[PDB]
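Asks: Structure provided below as structure tokens; questions to follow.
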Amino acid sequence: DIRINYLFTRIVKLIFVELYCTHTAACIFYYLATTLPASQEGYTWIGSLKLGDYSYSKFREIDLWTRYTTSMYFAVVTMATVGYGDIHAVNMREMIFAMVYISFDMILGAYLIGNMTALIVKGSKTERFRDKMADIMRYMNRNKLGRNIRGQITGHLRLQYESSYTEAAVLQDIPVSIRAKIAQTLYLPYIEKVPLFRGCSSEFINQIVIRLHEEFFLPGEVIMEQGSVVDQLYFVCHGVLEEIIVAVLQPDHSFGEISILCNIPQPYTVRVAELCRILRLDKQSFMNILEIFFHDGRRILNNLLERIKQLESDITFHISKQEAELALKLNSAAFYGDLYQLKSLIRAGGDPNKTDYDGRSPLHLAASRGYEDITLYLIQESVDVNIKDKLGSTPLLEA
Amino acid sequence: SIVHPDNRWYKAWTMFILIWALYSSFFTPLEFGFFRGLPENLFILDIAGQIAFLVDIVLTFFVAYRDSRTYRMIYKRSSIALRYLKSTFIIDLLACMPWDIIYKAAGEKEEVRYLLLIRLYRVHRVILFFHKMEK
């Protein structure tokens, strides 16, 4: 069973076995006293026994419940290897049984200690936390970090001490394909509620859940500063934040999206008010996803509107320019004859048949510089031959 | 008023009462078994030993909870009292009433003297101290 630790269960099993053999050895020991005639009861361990005032003379009518405890009291003392000598074997048949019971229990006693050590050697939360602080304190001392920063790094380590975290270096064994489905189950409900992604396609949103990371911030910490360049995009999922007080941030919201879109420095400082869980997204990963979903990108800018006109004009201008820019990149590669450079922007780029602002098919530049090898590849794409620029010329006219 | 549990006086108070925790957890078995009524030679000591554990019952109503979910603080009055009255107020007050005086002035019965073993609970304060040393 996984609910309870298996090492702890193994400890309980050994205790039951040891306490059961003690019970059995107590009943056998009393039998070795009754296997002698009543006239020779003075040669038995209990027949000759005499405690403080009790005599144990008859030994056969002694109110059994106080005849079993005496026998069990002998077995428990021997089992724990204490030894009193008030009760001990006297004749030959009780010495032999004592030798095999003591020898058997000696091996069993050392077996319990071995399993007790294995339980401790696994570790604990305090032991793992203490090791991490040893490295961090040593790391910060050698770099002479400021006292203010030392208060934040040590604060986050105590935060993960209680309320056990994800236990890193363990989930990494999970394959990325399976972990991809795990992210959707957890992070999807929080993302869908943000105003920015209202009406966005499911395919676009799914590409964001895969590449998100989860972080915690203690109250009083600062995530962004006024005038700073924003390099991350944060989605608020838990707690409350206050923007500096000019605004208050609630869960199922996002902040910092203004800076990352209009290239404007961050105008406000975000302050943590209560313990919050934050999902972050990098700048490089965000733009790569946004570029592919060109249709979804327009909706994000439109939803953000509901400087605004300049940002809206820039967003519409950004999507307009990118189509023309990729045409220039292909023509430059064809001009210098770099076959491999243009190969990457054909299978996952733009249409080579398109022309730039002036109008320059790659066949024109290829025919002007006499690059025979590149001409073969353009035939494979079935690029039109009679394409004319705004001059009346033809690609065959340059050759 | 409310006092944050760090201002170099509440910590000195808790460390001062930890000395009484050691005394009252080692002396309780010594009067339950050996003594049978706590003679008058140490009558003042019994009364004096419960004063330090009685002011703390009414001085623990001025603390900070930290709320254990949003680690900022708690300063309201209803939250502090409801927190303490639910966790250990019943057992701290019960282990503070005089049982030696009750036992003798009740037609002495051995049954009513078993309540002294409730006072063994305050050895947990010493155990909590060792946990702080581990961290």
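Lettering and numbering for the structure tokens are positional, with chains as A, B, ... in the shown order, residues counted from 1 in each chain, and ligands counted from 1 in the shown order.
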Pull out every residue of chain A sitting within 9 Å of chain B, counting only C-alpha atoms, and send them as a ChimeraX atom specification.
Replies: /A:126-127,129-130,218-220,239,273-276
Asks: Hey, can you spit out that residue selection with C-alpha atoms as a PDB file, in the first residue's frame?
Replies:
ATOM      1  CA  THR A 126      14.665  19.259   7.937  1.00  0.00           C
ATOM      2  CA  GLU A 127      17.755  17.333   6.823  1.00  0.00           C
ATOM      3  CA  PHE A 129      16.538  21.915   4.062  1.00  0.00           C
ATOM      4  CA  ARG A 130      19.624  22.142   6.286  1.00  0.00           C
ATOM      5  CA  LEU A 218       6.347  36.236  -0.262  1.00  0.00           C
ATOM      6  CA  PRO A 219       4.409  39.354   0.802  1.00  0.00           C
ATOM      7  CA  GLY A 220       6.330  42.608   0.518  1.00  0.00           C
ATOM      8  CA  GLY A 239      -3.134  35.884  -3.883  1.00  0.00           C
ATOM      9  CA  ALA A 273       0.403  42.013  -0.869  1.00  0.00           C
ATOM     10  CA  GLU A 274      -0.342  38.403   0.129  1.00  0.00           C
ATOM     11  CA  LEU A 275       1.176  35.005  -0.611  1.00  0.00           C
ATOM     12  CA  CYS A 276       0.667  34.556  -4.348  1.00  0.00           C
TER      13      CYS A 276
END
Asks: If you take only C-alpha atoms and a cut-off of 10 Å, which residues of stretch 7-85 of chain B touch stretch 93-96 of chain B, and what are their nearest atom pairs and distances in Å to one decimal, in chain and number order, as CSV?
Replies:
residue,atom,partner,partner_atom,distance
B:49,CA,B:96,CA,9.4
B:50,CA,B:96,CA,6.1
B:51,CA,B:96,CA,8.6
B:52,CA,B:96,CA,9.8
B:53,CA,B:96,CA,6.8
B:54,CA,B:96,CA,6.8
B:57,CA,B:93,CA,7.3
Asks: Could you dump the residues just selected with N, CA, C and O atoms as a PDB file, in the first residue's frame?
Replies:
ATOM      1  N   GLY B  49       4.606  28.730  41.475  1.00  0.00           N
ATOM      2  CA  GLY B  49       4.865  28.066  40.211  1.00  0.00           C
ATOM      3  C   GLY B  49       3.726  28.133  39.217  1.00  0.00           C
ATOM      4  O   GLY B  49       3.971  27.984  38.015  1.00  0.00           O
ATOM      5  N   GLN B  50       2.496  28.349  39.681  1.00  0.00           N
ATOM      6  CA  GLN B  50       1.349  28.458  38.792  1.00  0.00           C
ATOM      7  C   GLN B  50       1.037  29.894  38.394  1.00  0.00           C
ATOM      8  O   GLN B  50       0.206  30.105  37.505  1.00  0.00           O
ATOM      9  N   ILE B  51       1.681  30.880  39.022  1.00  0.00           N
ATOM     10  CA  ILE B  51       1.486  32.269  38.620  1.00  0.00           C
ATOM     11  C   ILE B  51       2.145  32.530  37.273  1.00  0.00           C
ATOM     12  O   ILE B  51       1.580  33.214  36.411  1.00  0.00           O
ATOM     13  N   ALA B  52       3.349  31.989  37.068  1.00  0.00           N
ATOM     14  CA  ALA B  52       4.048  32.191  35.803  1.00  0.00           C
ATOM     15  C   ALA B  52       3.309  31.541  34.641  1.00  0.00           C
ATOM     16  O   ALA B  52       3.427  31.999  33.499  1.00  0.00           O
ATOM     17  N   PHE B  53       2.554  30.477  34.903  1.00  0.00           N
ATOM     18  CA  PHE B  53       1.766  29.819  33.871  1.00  0.00           C
ATOM     19  C   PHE B  53       0.335  30.334  33.802  1.00  0.00           C
ATOM     20  O   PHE B  53      -0.448  29.836  32.987  1.00  0.00           O
ATOM     21  N   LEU B  54      -0.024  31.311  34.632  1.00  0.00           N
ATOM     22  CA  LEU B  54      -1.344  31.925  34.594  1.00  0.00           C
ATOM     23  C   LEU B  54      -1.341  33.274  33.894  1.00  0.00           C
ATOM     24  O   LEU B  54      -2.296  33.602  33.184  1.00  0.00           O
ATOM     25  N   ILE B  57      -1.391  32.748  30.167  1.00  0.00           N
ATOM     26  CA  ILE B  57      -2.691  32.430  29.583  1.00  0.00           C
ATOM     27  C   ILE B  57      -3.420  33.705  29.177  1.00  0.00           C
ATOM     28  O   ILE B  57      -4.112  33.742  28.153  1.00  0.00           O
TER      29      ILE B  57
END
Asks: For the atom pair atom CA of residue A:27 and atom CA of residue A:75, what is the interatomic distance in Å to one decimal place?
Replies: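 Going from atom CA of residue A:27 over to atom CA of residue A:75, I get 9.3 Å.
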Asks: Work out how far atom CA of residue A:94 is from atom CA of residue A:15, in Å to one decimal.
Replies: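 Calculated distance between atom CA of residue A:15 and atom CA of residue A:94 is 25.5 Å.
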Asks: Run DSSP on the backbone and grab whatever in stretch 8-111 of chain B lands in helix (DSSP H, G or I); send it over as a ChimeraX atom specification.
Replies: /B:10-32,40-59,77-87,89-94,99-104,111
Asks: For the residues in the current selection, export C-alpha atoms as an mmCIF file, in the first residue's frame.
Replies:
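New file again18.cif:
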data_model
loop_
_atom_site.group_PDB
_atom_site.id
_atom_site.type_symbol
_atom_site.label_atom_id
_atom_site.label_comp_id
_atom_site.auth_asym_id
_atom_site.auth_seq_id
_atom_site.Cartn_x
_atom_site.Cartn_y
_atom_site.Cartn_z
ATOM 1 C CA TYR B 10 8.258 38.344 24.093
ATOM 2 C CA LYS B 11 11.185 36.097 23.153
ATOM 3 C CA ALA B 12 12.764 36.792 26.542
ATOM 4 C CA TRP B 13 9.407 35.977 28.146
ATOM 5 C CA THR B 14 9.042 32.664 26.298
ATOM 6 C CA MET B 15 12.611 31.723 27.231
ATOM 7 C CA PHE B 16 11.837 32.673 30.838
ATOM 8 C CA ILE B 17 8.758 30.439 30.959
ATOM 9 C CA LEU B 18 10.663 27.539 29.379
ATOM 10 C CA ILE B 19 12.600 27.353 32.653
ATOM 11 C CA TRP B 20 9.305 26.848 34.486
ATOM 12 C CA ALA B 21 8.349 24.184 31.936
ATOM 13 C CA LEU B 22 11.441 22.173 32.885
ATOM 14 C CA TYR B 23 10.662 22.598 36.587
ATOM 15 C CA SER B 24 6.956 21.755 36.371
ATOM 16 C CA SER B 25 7.478 18.711 34.135
ATOM 17 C CA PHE B 26 10.108 17.188 36.441
ATOM 18 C CA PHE B 27 8.387 18.075 39.723
ATOM 19 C CA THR B 28 4.926 16.791 38.765
ATOM 20 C CA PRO B 29 5.899 13.072 38.894
ATOM 21 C CA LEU B 30 7.816 13.783 42.112
ATOM 22 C CA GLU B 31 4.684 14.927 43.968
ATOM 23 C CA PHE B 32 2.206 12.467 42.446
ATOM 24 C CA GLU B 40 3.194 23.086 53.895
ATOM 25 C CA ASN B 41 7.006 23.300 53.727
ATOM 26 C CA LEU B 42 6.678 24.159 50.013
ATOM 27 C CA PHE B 43 3.173 25.642 49.940
ATOM 28 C CA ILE B 44 4.428 28.971 48.569
ATOM 29 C CA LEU B 45 6.404 27.216 45.827
ATOM 30 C CA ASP B 46 3.283 25.480 44.496
ATOM 31 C CA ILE B 47 1.305 28.730 44.327
ATOM 32 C CA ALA B 48 4.254 30.680 42.909
ATOM 33 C CA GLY B 49 4.865 28.066 40.211
ATOM 34 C CA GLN B 50 1.349 28.458 38.792
ATOM 35 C CA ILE B 51 1.486 32.269 38.620
ATOM 36 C CA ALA B 52 4.048 32.191 35.803
ATOM 37 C CA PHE B 53 1.766 29.819 33.871
ATOM 38 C CA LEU B 54 -1.344 31.925 34.594
ATOM 39 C CA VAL B 55 -0.167 35.322 33.345
ATOM 40 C CA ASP B 56 0.886 33.646 30.088
ATOM 41 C CA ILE B 57 -2.691 32.430 29.583
ATOM 42 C CA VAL B 58 -3.883 36.053 29.610
ATOM 43 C CA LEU B 59 -0.729 37.366 27.898
ATOM 44 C CA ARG B 77 -8.833 40.759 18.193
ATOM 45 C CA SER B 78 -11.471 38.151 17.321
ATOM 46 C CA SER B 79 -8.982 36.201 15.197
ATOM 47 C CA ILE B 80 -6.418 35.919 18.006
ATOM 48 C CA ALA B 81 -8.891 34.756 20.658
ATOM 49 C CA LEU B 82 -10.653 32.272 18.370
ATOM 50 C CA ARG B 83 -7.278 30.824 17.355
ATOM 51 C CA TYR B 84 -6.114 30.273 20.935
ATOM 52 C CA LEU B 85 -9.473 29.150 22.351
ATOM 53 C CA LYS B 86 -9.610 26.363 19.735
ATOM 54 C CA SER B 87 -6.093 24.910 20.008
ATOM 55 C CA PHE B 89 -6.774 27.093 25.843
ATOM 56 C CA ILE B 90 -8.817 24.317 27.463
ATOM 57 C CA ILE B 91 -5.781 22.223 28.395
ATOM 58 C CA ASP B 92 -3.590 25.149 29.495
ATOM 59 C CA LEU B 93 -6.204 26.506 31.907
ATOM 60 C CA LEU B 94 -7.037 23.016 33.184
ATOM 61 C CA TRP B 99 -5.087 20.294 42.453
ATOM 62 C CA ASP B 100 -3.240 19.792 45.751
ATOM 63 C CA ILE B 101 -5.564 22.260 47.488
ATOM 64 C CA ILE B 102 -8.637 20.696 45.871
ATOM 65 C CA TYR B 103 -7.526 17.152 46.732
ATOM 66 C CA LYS B 104 -7.110 17.777 50.458
ATOM 67 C CA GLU B 111 -9.235 9.565 42.173
#
Asks: Which residue, B:64, B:126, B:38, B:115, has the smallest gap to residue B:6 when you use only C-alpha atoms?
Replies: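 That would be B:64, the residue with the smallest distance to residue B:6.
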Asks: Compare A:291, A:338, A:231, A:162 by their minimum atom-to-atom distance to residue A:373, counting only C-alpha atoms, and give me the closest one.
Replies: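 Ranking A:291, A:338, A:231, A:162 by distance to residue A:373, first place goes to A:338.
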Asks: Please provide as JSON, numbers by chain all residues within 8 Å of residue A:213, with the sequence filter that same-chain residues fewer than 4 positions apart are discarded (counting only C-alpha atoms).
Replies: {"A": [279, 280, 281]}
Asks: Hey, what's within 7 Å of stretch 32-34 of chain A if we count only C-alpha atoms and toss same-chain stuff fewer than 2 positions away? As a PyMOL selection string, please?
Replies: chain A and resi 28-30+36+44-45+94
Asks: Using only C-alpha atoms for the distances, tell me which of B:67, B:114, B:60, B:7 is nearest to residue B:36.
Replies: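 Residue with the minimum atom-to-atom distance to residue B:36: B:114.
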Asks: Applying 8 Å and only C-alpha atoms, which residues near stretch 344-350 of chain A remain after dropping the ones on its own chain fewer than 2 positions away? List them as a PDB file with C-alpha atoms, in the first residue's frame.
Replies:
ATOM      1  CA  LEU A 326      10.598  38.007 -45.016  1.00  0.00           C
ATOM      2  CA  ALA A 327      10.580  38.697 -48.762  1.00  0.00           C
ATOM      3  CA  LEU A 330      14.898  35.502 -49.165  1.00  0.00           C
ATOM      4  CA  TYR A 340      21.530  26.631 -46.945  1.00  0.00           C
ATOM      5  CA  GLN A 341      20.526  30.054 -45.597  1.00  0.00           C
ATOM      6  CA  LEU A 342      17.428  30.234 -47.808  1.00  0.00           C
ATOM      7  CA  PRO A 352       9.457  32.275 -52.618  1.00  0.00           C
TER       8      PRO A 352
END
Asks: So which residues touch stretch 187-201 of chain A within 12 Å, counting only C-alpha atoms, skipping near sequence neighbours fewer than 4 positions away, as an MDAnalysis selection string?
Replies: chainID A and resid 180:183 205:214 234:238 249:258 277:280 290 293:306
Asks: Export, as a short mmCIF file (atom, residue, chain, number, x, y, z; two decimals), in the first residue's frame, the selected residues with N, CA and C atoms.
Replies:
data_model
loop_
_atom_site.label_atom_id
_atom_site.label_comp_id
_atom_site.auth_asym_id
_atom_site.auth_seq_id
_atom_site.Cartn_x
_atom_site.Cartn_y
_atom_site.Cartn_z
N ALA A 180 3.38 17.09 -20.83
CA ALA A 180 2.62 18.06 -21.62
C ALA A 180 1.14 18.00 -21.29
N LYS A 181 0.60 16.78 -21.13
CA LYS A 181 -0.80 16.65 -20.75
C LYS A 181 -1.04 17.08 -19.31
N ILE A 182 -0.04 16.91 -18.44
CA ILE A 182 -0.19 17.31 -17.04
C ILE A 182 -0.38 18.82 -16.94
N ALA A 183 0.37 19.59 -17.74
CA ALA A 183 0.26 21.04 -17.69
C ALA A 183 -1.13 21.51 -18.08
N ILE A 205 -3.93 29.10 -27.44
CA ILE A 205 -3.81 29.04 -25.98
C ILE A 205 -3.06 27.78 -25.55
N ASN A 206 -3.29 26.67 -26.25
CA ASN A 206 -2.63 25.42 -25.89
C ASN A 206 -1.12 25.53 -26.02
N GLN A 207 -0.64 26.35 -26.96
CA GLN A 207 0.79 26.55 -27.13
C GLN A 207 1.41 27.38 -26.01
N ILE A 208 0.59 28.00 -25.16
CA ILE A 208 1.12 28.77 -24.03
C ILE A 208 1.20 27.92 -22.76
N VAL A 209 0.24 27.02 -22.55
CA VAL A 209 0.21 26.23 -21.32
C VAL A 209 1.42 25.32 -21.23
N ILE A 210 1.95 24.88 -22.38
CA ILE A 210 3.05 23.92 -22.39
C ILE A 210 4.32 24.54 -21.81
N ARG A 211 4.54 25.83 -22.07
CA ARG A 211 5.80 26.49 -21.74
C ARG A 211 5.64 27.51 -20.61
N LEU A 212 4.85 27.18 -19.59
CA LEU A 212 4.68 28.03 -18.43
C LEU A 212 5.42 27.46 -17.23
N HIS A 213 5.82 28.34 -16.32
CA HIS A 213 6.49 27.97 -15.08
C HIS A 213 5.76 28.60 -13.90
N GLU A 214 5.80 27.92 -12.77
CA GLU A 214 5.09 28.32 -11.57
C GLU A 214 6.07 28.80 -10.51
N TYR A 234 3.65 37.67 -16.69
CA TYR A 234 3.15 36.98 -15.51
C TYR A 234 1.63 36.90 -15.53
N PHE A 235 1.10 35.72 -15.20
CA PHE A 235 -0.33 35.50 -15.02
C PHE A 235 -0.60 35.27 -13.54
N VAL A 236 -1.49 36.07 -12.97
CA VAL A 236 -1.81 35.97 -11.55
C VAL A 236 -2.86 34.89 -11.36
N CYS A 237 -2.53 33.87 -10.56
CA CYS A 237 -3.44 32.77 -10.29
C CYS A 237 -3.90 32.68 -8.84
N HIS A 238 -3.13 33.23 -7.90
CA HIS A 238 -3.48 33.17 -6.49
C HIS A 238 -2.97 34.43 -5.81
N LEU A 249 -4.31 44.29 -8.11
CA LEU A 249 -4.33 43.14 -9.01
C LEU A 249 -5.06 41.99 -8.34
N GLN A 250 -6.02 41.42 -9.06
CA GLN A 250 -6.82 40.29 -8.61
C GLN A 250 -6.41 39.02 -9.34
N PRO A 251 -6.76 37.85 -8.81
CA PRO A 251 -6.47 36.60 -9.52
C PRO A 251 -7.14 36.57 -10.89
N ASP A 252 -6.68 35.63 -11.72
CA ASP A 252 -7.13 35.50 -13.11
C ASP A 252 -6.87 36.77 -13.91
N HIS A 253 -5.74 37.43 -13.64
CA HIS A 253 -5.33 38.62 -14.36
C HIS A 253 -3.88 38.48 -14.81
N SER A 254 -3.47 39.39 -15.69
CA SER A 254 -2.10 39.44 -16.18
C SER A 254 -1.60 40.88 -16.12
N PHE A 255 -0.32 41.05 -15.82
CA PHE A 255 0.30 42.36 -15.75
C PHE A 255 1.64 42.33 -16.48
N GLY A 256 2.07 43.51 -16.91
CA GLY A 256 3.29 43.65 -17.67
C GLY A 256 3.15 43.44 -19.16
N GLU A 257 1.94 43.18 -19.66
CA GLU A 257 1.74 42.96 -21.08
C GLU A 257 1.91 44.24 -21.90
N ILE A 258 1.72 45.41 -21.28
CA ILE A 258 1.89 46.67 -22.00
C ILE A 258 3.34 46.85 -22.42
N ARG A 277 0.68 32.84 -6.04
CA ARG A 277 1.24 31.89 -7.00
C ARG A 277 1.15 32.51 -8.38
N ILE A 278 2.28 32.59 -9.07
CA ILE A 278 2.40 33.34 -10.32
C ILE A 278 2.93 32.42 -11.41
N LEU A 279 2.31 32.47 -12.58
CA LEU A 279 2.79 31.76 -13.76
C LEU A 279 3.49 32.75 -14.69
N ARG A 280 4.71 32.42 -15.09
CA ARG A 280 5.53 33.33 -15.88
C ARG A 280 5.79 32.76 -17.27
N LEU A 290 3.38 33.94 -30.84
CA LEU A 290 2.50 34.98 -31.36
C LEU A 290 2.64 35.12 -32.88
N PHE A 293 0.57 32.42 -34.92
CA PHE A 293 -0.86 32.69 -34.86
C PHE A 293 -1.08 34.17 -35.17
N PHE A 294 -0.93 34.51 -36.45
CA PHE A 294 -1.09 35.89 -36.89
C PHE A 294 -2.52 36.38 -36.66
N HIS A 295 -3.51 35.54 -36.97
CA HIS A 295 -4.90 35.93 -36.77
C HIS A 295 -5.20 36.15 -35.29
N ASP A 296 -4.69 35.27 -34.43
CA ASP A 296 -4.91 35.43 -33.00
C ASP A 296 -4.19 36.66 -32.46
N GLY A 297 -3.05 37.02 -33.07
CA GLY A 297 -2.31 38.18 -32.60
C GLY A 297 -3.09 39.48 -32.76
N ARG A 298 -3.86 39.60 -33.84
CA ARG A 298 -4.68 40.79 -34.04
C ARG A 298 -5.74 40.91 -32.96
N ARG A 299 -6.34 39.78 -32.56
CA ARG A 299 -7.37 39.81 -31.53
C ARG A 299 -6.82 40.27 -30.18
N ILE A 300 -5.57 39.89 -29.87
CA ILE A 300 -4.98 40.29 -28.59
C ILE A 300 -4.85 41.80 -28.51
N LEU A 301 -4.37 42.43 -29.59
CA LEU A 301 -4.26 43.89 -29.60
C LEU A 301 -5.63 44.55 -29.52
N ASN A 302 -6.61 44.01 -30.25
CA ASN A 302 -7.96 44.58 -30.21
C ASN A 302 -8.58 44.45 -28.83
N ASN A 303 -8.40 43.29 -28.18
CA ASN A 303 -8.96 43.09 -26.85
C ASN A 303 -8.29 44.00 -25.82
N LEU A 304 -6.99 44.25 -25.99
CA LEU A 304 -6.27 45.10 -25.04
C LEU A 304 -6.79 46.54 -25.08
N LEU A 305 -7.25 47.01 -26.24
CA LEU A 305 -7.76 48.37 -26.34
C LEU A 305 -8.98 48.58 -25.45
N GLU A 306 -9.90 47.62 -25.44
CA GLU A 306 -11.11 47.72 -24.64
C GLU A 306 -10.81 47.49 -23.16
#
Asks: For each of B:37, B:2, B:120, B:128, take the minimum atom-to-atom distance to residue B:105, counting only C-alpha atoms, then give the residue where this is smallest.
Replies: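 Of B:37, B:2, B:120, B:128, the one nearest residue B:105, counting only C-alpha atoms, is B:37.
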Asks: Got a sec: who's within 9 Å of residue A:70, counting only C-alpha atoms, leaving out chain neighbours fewer than 4 positions off, as a PDB file with N, CA and C atoms, in the first residue's frame?
Replies:
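Output file around25.pdb follows:
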ATOM      1  N   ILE A  46      10.452 -22.592  38.554  1.00  0.00           N
ATOM      2  CA  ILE A  46       9.363 -21.896  39.231  1.00  0.00           C
ATOM      3  C   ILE A  46       9.051 -22.591  40.549  1.00  0.00           C
ATOM      4  N   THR A  66      -2.058 -15.297  37.613  1.00  0.00           N
ATOM      5  CA  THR A  66      -0.792 -14.935  38.237  1.00  0.00           C
ATOM      6  C   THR A  66       0.243 -16.047  38.135  1.00  0.00           C
ATOM      7  N   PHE A  74       9.500 -13.512  32.988  1.00  0.00           N
ATOM      8  CA  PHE A  74      10.802 -14.106  32.703  1.00  0.00           C
ATOM      9  C   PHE A  74      11.174 -13.940  31.233  1.00  0.00           C
ATOM     10  N   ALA A  75      10.217 -14.159  30.329  1.00  0.00           N
ATOM     11  CA  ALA A  75      10.529 -14.143  28.903  1.00  0.00           C
ATOM     12  C   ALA A  75      10.843 -12.736  28.408  1.00  0.00           C
ATOM     13  N   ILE A  87      14.650 -15.042  38.509  1.00  0.00           N
ATOM     14  CA  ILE A  87      14.062 -16.169  37.795  1.00  0.00           C
ATOM     15  C   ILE A  87      15.083 -16.642  36.771  1.00  0.00           C
TER      16      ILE A  87
END
Asks: What separation in Å, quoted to one decimal, exists between atom CA of residue A:287 and atom CA of residue A:246?
Replies: 29.2 Å
